[PDB]
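# Make a model of this:
(4 chains, ligands or ions: 1)
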Protein chains: 2
Amino acid sequence: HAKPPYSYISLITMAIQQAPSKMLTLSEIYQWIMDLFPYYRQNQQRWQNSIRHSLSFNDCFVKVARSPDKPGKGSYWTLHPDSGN
Amino acid sequence: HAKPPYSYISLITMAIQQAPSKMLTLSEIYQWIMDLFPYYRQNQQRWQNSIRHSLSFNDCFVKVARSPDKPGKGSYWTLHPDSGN
DNA sequence: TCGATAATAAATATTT
DNA sequence: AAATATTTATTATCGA
Ligand SMILES: [Mg+2]
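Numbering: from 1, shown residues only, chains lettered A, B, ... in the order given. Find the structure here:
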């Protein structure tokens, strides 16, 4: 397919918004984007770099530590309170 | 009632995509945006100008004339095939 | 970080 | 008397 119009901030925001408890890991963000948008099933090394960049660079995305029981790869990412949600 | 992250291109694309006929008039685009995003119920004079600019400036949006037997203000807008979706 | 794209703000232009 | 459509420049923001 062709590239959808969504910015990386928009792609991440939509992924978080539909996520159980409005939290998901980086790899879950990757998977949601690829599941919904066939364009992103390729050039993964490039756009996933852009995803990681967008999560860190923008204050609207906030890191949340894993639980001590069921800890794992990466933290959860969520939306900052003074966005819309 | 906070500003959603979506670009004007993304807002228009989403509005058209959800239309039963896959086409919307300009005023229908305005209404869909305002219905879904309360933020856009203000400053309509500004962002609706931006909507019109985005519709004309981008080739992914293509104008479709009303039938001669059903005239009115403005044409229908839809997504062009030569732009993916 | 640097190159690309979006968006704000107009005047202009078309049409009902 | 208006909604709609096109166009240009500039500022802001995005993204490779
Ligand atoms: Mg967007």
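# Now residue A:1: closest residue in space that isn't a chain neighbour?
Leaving aside its sequence neighbours, residue A:1 sits nearest to residue A:38 (C-beta to C-beta, 6 or more residues apart in numbering or on different chains; 4.1 Å). From N, CA and C alone the C-beta is placed, and that goes for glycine too.
# again, but for residue A:63
In space, and not counting its chain neighbours, residue A:63 is closest to residue A:75: 4.8 Å by C-beta to C-beta, 6+ apart.
# so that neighbour touches residue A:64, yeah?
Yes - at 5.8 Å, residue A:75 and residue A:64 qualify as touching, with contact defined as C-beta atoms under 8 Å.
# any idea whether the residue of chain A found nearest chain B is helix, strand or coil?
As assessed by C-beta to the nearest C-beta, chain B sits closest to residue A:2 within chain A, at 2.2 Å. Recorded secondary structure, residue A:2: coil (DSSP: H, G, I helix; E, B strand; the rest coil).
# need the contact list for it.
Contact criterion C-beta atoms under 8 Å, 6 or more residues apart in numbering or on different chains gives A:39, B:83, B:84, B:85 as the residues in contact with residue A:2.
# Can you report phi and psi for it?
For residue A:2, the backbone dihedrals are phi -90, psi 160 (criterion: degrees, to the nearest 10).
# measure residue A:74 to the ion for me?
The span separating residue A:74 from the ion equals 24 Å under the rule C-beta to the ion, to the nearest Å.
# Checking residue A:78 next. Helix, strand or coil?
Using three-state DSSP, the three-state assignment for residue A:78 comes out as strand.
# list the contacts for the closest residue to it other than its chain neighbours?
Here the nearest residue to residue A:78 in space, its sequence neighbours aside, is residue A:23; by C-beta to C-beta, 6+ apart that works out to 4.9 Å. When the contact criterion is C-beta under 8 Å, 6+ apart, the partners of residue A:23 are A:16, A:64, A:76, A:77, A:78.
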